[PDB]
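These notes are about the structure you will find just below.
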Amino acid sequence: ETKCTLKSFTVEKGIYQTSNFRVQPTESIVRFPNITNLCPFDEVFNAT
Amino acid sequence: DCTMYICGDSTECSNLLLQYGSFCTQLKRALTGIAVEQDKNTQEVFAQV
């Protein structure tokens, strides 16, 4: 990786700085729009 | 760090940033030079014995 980020095949002694460090999040959470009142489709579908 | 500051750890943003080339290799070297210079200054001032 150090060779790759320097575009050379020879690296001299010293301290370098390679690519960043990250942690991959896992799973997901989905939240519905906060509406709960049910539409009354029974009257139209079922009427005497 | 360019990747996180310019782009919010996205992917298409990183791909688009990849088009600009070496606008960070120039930026990431000046700060390292400044840090080396700052570390050298205090060693120059005090280490005289």
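All Cβ positions, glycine included, derive from the backbone under ideal geometry; neighbour counts span all protein chains shown. What follows is calculated from the coordinates using simple rules that are stated; it is not laboratory data.
Below is a table of values for the structure above.
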read-out	value
A:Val44 vs. criteria surrounded by fewer than 10 Cβ atoms within 10 Å (Cβ to Cβ), more than 14 Å from chain B (Cβ to nearest Cβ) and not in a loop (DSSP other than H, G, I, E, B)	yes
Within the stretch B:5-42, considering residues that are surrounded by 11 or more Cβ atoms within 10 Å (Cβ to Cβ) and under 19 Å from A:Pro25 (Cβ atoms), the one nearest to the other protein chains (Cβ to nearest Cβ)	B:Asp9
Filter pass, A:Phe32 being in a loop (DSSP other than H, G, I, E, B), without any contact (Cβ under 8 Å) to a residue 60 or more places away in the chain, loosely packed, with under 10 Cβ neighbours inside 10 Å and within 14 Å of chain B (Cβ to nearest Cβ)	no
Candidate set from the stretch A:7-29 (those that are more than 20 Å from B:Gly8 (Cα to Cα) and more than 14 Å from every other protein chain (Cβ to nearest Cβ)); member that is surrounded by the fewest Cβ atoms within 10 Å (Cβ to Cβ)	A:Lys13
